[PDB]
Amino acid sequence: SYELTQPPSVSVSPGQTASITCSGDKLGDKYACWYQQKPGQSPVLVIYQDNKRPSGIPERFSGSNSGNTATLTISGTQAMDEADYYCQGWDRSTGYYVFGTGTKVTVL
Amino acid sequence: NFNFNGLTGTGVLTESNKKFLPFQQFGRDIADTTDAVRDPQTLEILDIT
Amino acid sequence: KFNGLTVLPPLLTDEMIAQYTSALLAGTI
Amino acid sequence: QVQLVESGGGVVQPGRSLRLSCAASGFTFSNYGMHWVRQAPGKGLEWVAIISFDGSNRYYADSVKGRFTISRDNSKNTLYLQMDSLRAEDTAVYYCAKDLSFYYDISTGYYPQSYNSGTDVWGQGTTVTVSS
Ligand SMILES: *[C@@H]1O[C@H](CO)[C@@H](O)[C@H](O)[C@H]1NC(C)=O
Numbered sequence: 002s003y004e005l006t007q008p009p010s011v012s013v014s015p016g017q018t019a020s021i022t023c024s025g026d027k028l029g030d031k032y033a034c035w036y037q038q039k040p041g042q043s044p045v046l047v048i049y050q051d052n053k054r055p056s057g058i059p060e061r062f063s064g065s066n067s068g069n070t071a072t073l074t075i076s077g078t079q080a081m082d083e084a085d086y087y088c089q090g091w092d093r094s095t096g097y098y099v100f101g102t103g104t105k106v107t108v109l
Numbered sequence: 857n858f859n860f861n862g863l864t865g866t867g868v869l870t871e872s873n874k875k876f877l878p879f880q881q882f883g884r885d886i887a888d889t890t891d892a893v894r895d896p897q898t899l900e901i902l903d904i905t
Numbered sequence: 046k047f048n049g050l051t052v053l054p055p056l057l058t059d060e061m062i063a064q065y066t067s068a069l070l071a072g073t074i
Numbered sequence: 445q446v447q448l449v450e451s452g453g454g455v456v457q458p459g460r461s462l463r464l465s466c467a468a469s470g471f472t473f474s475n476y477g478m479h480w481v482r483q484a485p486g487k488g489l490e491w492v493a494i495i496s497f498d499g500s501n502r503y504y505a506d507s508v509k510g511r512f513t514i515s516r517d518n519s520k521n522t523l524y525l526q527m528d529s530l531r532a533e534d535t536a537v538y539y540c541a542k543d544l545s546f547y548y549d550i551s552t553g554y555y556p557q558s559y560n561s562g563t564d565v566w567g568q569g570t571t572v573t574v575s576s
């Protein structure tokens, strides 16, 4: 069986660094991706290939992956960050594309 | 009688279980007779009988 | 099959030929 | 414009069937694989199924494997998901998502054999609810 675990929520102030983590036994052997889902709206891709950034996304978004943990990181929180972030382990050969439990970043 | 990208012939088409690789456009039998074809529109593989 | 060739079936099926040999065996024995 | 629009939502009794349709425009639909992703109320996203660019290869999640059946028509630029034996837990908003990386270029034959992981474009999503 497989499933990704993420913290329920993370609290951060504007300007402060926000560390958003996703963990799994085989997560680092696979390319992991992140999606930003505003309340009520569809997800928007933010990080893919564990460090890459889609065109048009602010450079202040960043991510990393290693071992059993994948981590999306925000250099500085801003008012647009109030949303839900979901991790996805990706592997075309195995047909493995499951999502994580998600985590609510809270701009206090 | 059909015409796929100019490959003209006669037969009865059928859903094919052959797993064409993406670059492969049509199939051939043990005797080099065309026995499958990729439909250029929907890209599904059709067995030619 | 595309090329206009057909393989016709034998008149005596393998079950009928096996009956003949068993008849020859039973008679001989 | 690269956009995906879903259609075919509604209310379904348990044990019935429903087929969603996702239309695609602004890009070569036949080049890219396609996903189905559902989000139940107050719950995280769950991947439903994937289909290759030509429909030869399909994979389903364990929750819907055997029941659902993903399919596509590359000539009409549309994606389908046949749901059968709908359960209470199937209540969710279903999105169709495009891959960031295309599997094969019909126009030029370009076959990279090495692809990115992201799914850049998502559809609006159509709600499906199971109840009586
Ligand atoms: C071919 O492409 C045109 C323009 O995108 C579209 O209007 C037409 O429906 C397509 N036909 C088929 C069947 O692929």
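Chains as they are written, first to last, in the working numbering: chain A, 2 to 109; chain B, 857 to 905; chain C, 46 to 74; chain D, 445 to 576. All residues carry an ideal CB built from backbone N, CA and C; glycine is no exception.
Could you spell out the range, first to last residue, of the beta strand (DSSP E) harbouring residue 527 of chain D? Taking the first residue of the fourth sequence as 1, we reach residue 527 of chain D at position 83. The continuous beta strand (DSSP E) containing residue 527 of chain D extends over residues 522–528.
Contact residues within the region 500–533 of chain D, judged by C-beta distance below 7 Å to chain B: Along the region 500–533 of chain D, going in chain order, the ones with a CB nearer than 7 Å to a CB of chain B are 500, 517, 518, 519.
Considering only their Cβ atoms, is the gap separating residue 896 of chain B from residue 497 of chain D smaller than 9 Å? Within the fourth sequence, residue 497 of chain D is the residue found at index 53, counting from 1. Within the second sequence, residue 896 of chain B is the residue found at index 40, counting from 1. Not a contact, by the Cβ cut-off of 9 Å.
Taking 8 Å as the cut-off, is the CB of residue 447 of chain D close to at least one heavy atom of ligand 1? Here residue 447 of chain D is taken as the residue at index 3 of the fourth sequence, counted from 1. Residue 447 of chain D has its CB no nearer than 8 Å to any heavy atom of ligand 1.
So, are the CB atoms of residue 82 of chain A and residue 45 of chain A less than 9 Å apart? By one-based count along the first sequence, residue 82 of chain A stands at place 81. By one-based count along the first sequence, residue 45 of chain A stands at place 44. No, Cβ-Cβ distance for residue 82 of chain A and residue 45 of chain A is not below 9 Å.
At a CB-CB cut-off below 9 Å, which residues of chain D make contact with residue 37 of chain A? Mapped onto the first sequence, residue 37 of chain A falls at position 36. Within 9 Å Cβ-Cβ: nothing; residue 37 of chain A doesn't reach chain D, min ~11 Å.
With 16 other Cβ atoms within 10 Å as the buried cut-off, status of residue 7 of chain A: Position 6 of the first sequence, counted from the start, is the residue given in the question as residue 7 of chain A. The C-beta of residue 7 of chain A has 16 or more other C-beta atoms within 10 Å across all chains shown, which makes the residue buried.
Neighbour list for residue 88 of chain A in chain D, Cβ cutoff strictly below 9 Å: Indexing the first sequence from 1 puts residue 88 of chain A at position 87. Chain D residues near residue 88 of chain A: none, gap ~10 Å exceeds 9 Å.
Got a sec: is the Cβ-Cβ distance from residue 498 of chain D to anything in chain B below 9 Å? Locating residue 498 of chain D in the fourth sequence gives position 54, where the first residue counts as 1. Answer yes: the Cβ-Cβ gap between residue 498 of chain D and chain B drops below 9 Å somewhere.
Verify the CB distance criterion: does residue 475 of chain D have a CB-CB separation below 9 Å to chain A? Reading the fourth sequence from its first residue, position 31 is the one you call residue 475 of chain D. Under the 9 Å criterion on CB atoms, residue 475 of chain D is classed as non-interfacial with respect to chain A.
So, using beta-carbon positions, are residue 97 of chain A and residue 35 of chain A closer together than 9 Å? Within the first sequence, numbered from 1, the residue matching residue 97 of chain A stands at position 96. Within the first sequence, numbered from 1, the residue matching residue 35 of chain A stands at position 34. One thing to note: residue 97 of chain A has its Cβ no nearer than 9 Å to the Cβ of residue 35 of chain A.
Chain-ordered chain A contacts of residue 568 of chain D [CB-CB under 7 Å]: If you number the fourth sequence from 1, residue 568 of chain D lands on position 124. Going along chain A in sequence order, the residues near residue 568 of chain D (Cβ under 7 Å) are 43.
Determine the DSSP secondary structure at residue 29 of chain A, reduced to helix, strand or coil. Along the first sequence, one-based indexing puts residue 29 of chain A at 28. The DSSP-derived three-state label of residue 29 of chain A is helix.
Skipping 5 residues on each side, what residues in its chain have a beta carbon closer than 7 Å to that of residue 91 of chain A? By 1-based counting over the first sequence, the position of residue 91 of chain A is 90. Cβ within range, chain order: 31, 32, 33, 34, 98.
9 Å Cβ cut-off: residues of chain C touching residue 864 of chain B: The residue labelled residue 864 of chain B in the question sits at position 8 within the second sequence. Those do not exist, as residue 864 of chain B stays about 14 Å from chain C at its closest Cβ, beyond 9 Å.
Taking DSSP as the reference, what is the three-state secondary structure of residue 101 of chain A? Walking along the first sequence from the start, residue 101 of chain A turns up at place 100. Strand.
Pair within 9 Å by beta-carbon distance, residue 888 of chain B and residue 905 of chain B: By 1-based counting over the second sequence, the position of residue 888 of chain B is 32. By 1-based counting over the second sequence, the position of residue 905 of chain B is 49. In this structure, residue 905 of chain B does not lie closer than 9 Å to residue 888 of chain B by Cβ.
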